[PDB]
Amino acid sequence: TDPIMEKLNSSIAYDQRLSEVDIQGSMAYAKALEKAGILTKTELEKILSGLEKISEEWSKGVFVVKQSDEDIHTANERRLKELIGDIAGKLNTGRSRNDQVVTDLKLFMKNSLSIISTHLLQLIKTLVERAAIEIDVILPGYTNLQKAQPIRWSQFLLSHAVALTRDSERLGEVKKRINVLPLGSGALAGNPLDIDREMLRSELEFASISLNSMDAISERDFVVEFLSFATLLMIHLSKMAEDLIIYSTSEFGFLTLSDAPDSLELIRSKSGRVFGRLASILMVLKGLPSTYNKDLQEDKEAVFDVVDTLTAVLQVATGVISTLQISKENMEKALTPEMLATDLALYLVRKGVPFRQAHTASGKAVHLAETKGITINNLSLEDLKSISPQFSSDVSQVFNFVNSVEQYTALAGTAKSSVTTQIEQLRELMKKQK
């Protein structure tokens, strides 16, 4: 009576990409039905063959949807009907859309997450592979967007690599809980025909099966975990984009991007988009009583969008990180003797000069250059040697940026030895994540 409601439950529009997983679900169920005694070796063949046909149709868009197809489910159950005959009805025996729609989603997500996984590690591998050939480049490090202290351009690219490797790790943990068979849970209390679930697992290639039908029917944990996985990933990409946006300014002049688009902006904007899907599903799920509820239908559109977003955005990021051109001279140009004010105290420290008792001489020399109109390195022992009995003719080495970075040899530091170690550590993480 209400053309509004009908359209509201109309999903065939965006849901069709599940055509394949919906088909492989029926084939699997059919086979189990024959063993369950509901289907004969003969009927099964007729059914599989019909399902194989419709399958090959989509692979060529040849398929044709009618104006009566509510969703991908019926669209096939229909074509299958008008193909092998009324013997098409035996296939839906004992099954429900409740465990059929969740089977479809995890299969789809398990497939999609493999795609994403590939692109993600490719990105990490680009950052890492770039941090290896530009390991000598040095530029400013920031704290509240203010030149802090000297660091290697490579320590920068790897910091994003490390954050991203953790996303790959979370992805894997999410993929494992998704790789569990929900089919066979029926509409609520389970499958009433003593169907062979282990067989379904095998055919559908899941790693294991759902423990409780009610939970397997109502939980969307796998959707939320995924969205939260995707969201944290986006936070990382927007952080990277933010720095690249800043460095690519005229004012910074640190680097330039390829192309002939505004790609970095896109990457940053998608974090909100993705975040919106997380918030959406969490509120849809909050307050719902057991077991199955119409509300759970909002999961699809969210999964689809984030799936395509991460896929397009990851590849774009790889491109950027592989074609952007840095300016070693401008990154060096940015370095200043002021930044060496930190190491300055460190000189006294090794000489035995205690903490604060060493950081005092640091500021003194500064306000003094702010007095003699020079940079802390232009001074001399005909002075500094006064600010502290500790300034042999070797303190001169302190005013060298390469030596500055080389101080951080400890694990995780910016020294070339610490970086190289990181890169080897990252090749290990990847060689394992696979």
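A residue's number is simply how far along the shown sequence it sits, counting from 1.
Asker: Note how many residues of the deposited chain are left out of the model between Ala260 and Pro261; the options are none, 1 to 3, 4 to 9, and 10 or more.
Answerer: The entry leaves 10 or more residues without coordinates here.
Asker: Quick one: say whether 341-349 or 176-184 has the higher mean Cα B-factor in the deposited entry.
Answerer: Higher of the two, by average CA B-factor, is 341-349.
Asker: On mean C-alpha B-factor from the PDB entry, just flag whether 91-99 or 293-301 is the higher one.
Answerer: Higher of the two, by average CA B-factor, is 91-99.
Asker: Out of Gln122, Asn212, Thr360, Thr143, which shows the largest CA B-factor listed in the entry?
Answerer: Answer, based on the entry's C-alpha B-factors: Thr360.
Asker: Would you mind finding, among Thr421, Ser11, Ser19, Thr414, the residue with the largest C-alpha temperature factor in the entry?
Answerer: Comparing C-alpha B-factors across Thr421, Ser11, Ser19, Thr414, the maximum falls on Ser11.
Asker: Mind checking which third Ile374 falls in for C-alpha B-factor across the chain?
Answerer: Within its chain, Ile374 is a highest-third residue by C-alpha B-factor, going by the deposited values.
Asker: State the tercile, meaning the lowest, middle or highest third, of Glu225 with respect to the CA B-factors recorded for its chain.
Answerer: Ranked within chain, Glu225 CA B lands in the lowest tercile.
Asker: Which third, lowest, middle or highest, does the CA B-factor of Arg201 fall in along this chain?
Answerer: It falls in the middle third of the chain.
Asker: For the chain shown, is the CA B-factor of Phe63 in the lowest, middle or highest third of its modelled residues?
Answerer: Its C-alpha B-factor, which the entry lists for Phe63, ranks in the highest third among residues of this chain.
Asker: What third of the chain, by the recorded C-alpha B-factor, contains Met283?
Answerer: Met283: CA B-factor falls in the lowest third of its chain.
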